[PDB]
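In the block that follows, a single chain appears as structure tokens, in the form deposited without the partner chain.
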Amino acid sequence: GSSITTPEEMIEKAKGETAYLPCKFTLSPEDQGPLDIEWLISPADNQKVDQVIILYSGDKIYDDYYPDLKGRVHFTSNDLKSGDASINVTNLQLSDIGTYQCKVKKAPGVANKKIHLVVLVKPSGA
């Protein structure tokens, strides 16, 4: 019933650099529910596991408003209503490491895909 491109994913970027996370949800006359996007992160290095950091609901893109990863996990899509729910992480870092879950909620089709953020070693940057 649902349709999502690149579900399970792994992204590796240099610390301090922005890590792009692509999410493309399919559109259909059926998807009459409000457009929604969600991102959970589980830091392998940190004690944290599965926590909300960036979301997009009610036309409000949440990332900077969200304490978790505020100011970084920014949707590169300036027109998410086009099916693009992608968010990139600004100013990467070692603690940013951790599995990411991209879930686009749009009735009657909830989209969910995996994105693992891996940070390569490089100068501070953060």
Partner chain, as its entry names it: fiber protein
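Residue numbers count along the first chain shown, from 1.
Although it is not shown, the form deposited with the partner chain bound is what the next lines describe.
Colleague: Of these, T99, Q93, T90, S77, which has a heavy atom no more than 4.5 Å from the partner chain in the entry with it bound?
Modeller: Here the answer is residue option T99.
Colleague: Since only the chain is shown here, I'm wondering whether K81 would be in contact with the partner chain in the entry with it bound (any heavy atom pair within 4.5 Å).
Modeller: Because no heavy atom of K81 falls inside 4.5 Å of the partner chain in the entry with it bound, the answer is no.
Colleague: In the entry with it bound, is there a heavy atom of the partner chain that lies within 4.5 Å of any heavy atom of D68, even though the partner is absent here?
Modeller: No, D68 sits far enough from the partner chain in the entry with it bound that none of its heavy atoms falls within 4.5 Å.
Colleague: Can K15 be called a contact residue for the partner chain in the entry with it bound at 4.5 Å between heavy atoms?
Modeller: So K15 does not count as contacting the partner chain.
Colleague: Is it the case that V73, even though its partner is missing from this view, gets within 4.5 Å of the partner chain in the entry with it bound, heavy atoms only?
Modeller: Output for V73 is no: heavy atoms all beyond 4.5 Å of the partner chain.
Colleague: If we check the partner chain in the entry with it bound, which of the residues in 80-96 reach within 4.5 angstroms of it by a non-hydrogen atom?
Modeller: Contacts from 80-96: none.
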